[PDB]
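Only one chain is included here, represented as structure tokens and corresponding to the form deposited in one PDB entry.
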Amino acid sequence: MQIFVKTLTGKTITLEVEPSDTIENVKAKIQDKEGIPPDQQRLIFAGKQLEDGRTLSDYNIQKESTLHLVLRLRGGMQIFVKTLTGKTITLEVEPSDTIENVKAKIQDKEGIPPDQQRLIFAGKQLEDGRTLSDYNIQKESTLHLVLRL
């Protein structure tokens, strides 16, 4: 089956899906195509919000149907990064995100290249290959950013 999801900014995504797929899977597919985390998107059909547990069949979404996709300003999990200047900034992350991913988000917000970031968490400096969960990084944890010299 083939369905279309429309965003507020014109763009029309087209997914190849089947009736038994759950909304979590469709959000996963939307992430693959568009990079948006599932916890940041809400899907609507015929004016009904689509809940994670149920399937496309449970909402009677069939071939060539058009979903609507709205984007959250925030997600489920945030961490804080504190600079030696006192600035605190908030990142929307997922436990699977890599340190390279996090440094990239810091660049998206503060323009300092990843090659110049040192992230320190609980007395230890973090290495680029691992994920936040590898280091036991959790909701509202604080990381410290120091530049190279």
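From 1 onward, residues are counted along the sequence shown.
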Look up the CA B-factors in the entry and say which stretch, 51-59 or 24-32, has the higher mean. 51-59
Can you tell me whether 109-117 has a higher mean C-alpha B factor than 63-71 in this record, or the other way round? 63-71
Lowest, middle or highest third: where is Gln2 by C-alpha B factor in its chain? highest
Can you tell me which third, lowest, middle or highest, the CA B-factor of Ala46 falls into for its chain? middle
Going by the entry, which third of its chain does the Cα temperature factor of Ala122 land in? highest
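Another form exists, deposited in another entry; not displayed. Remarks below refer to it.
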Where is the hinge among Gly75, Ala104, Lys33, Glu51, given that one rigid part rotates against another between this form and the one not shown? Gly75
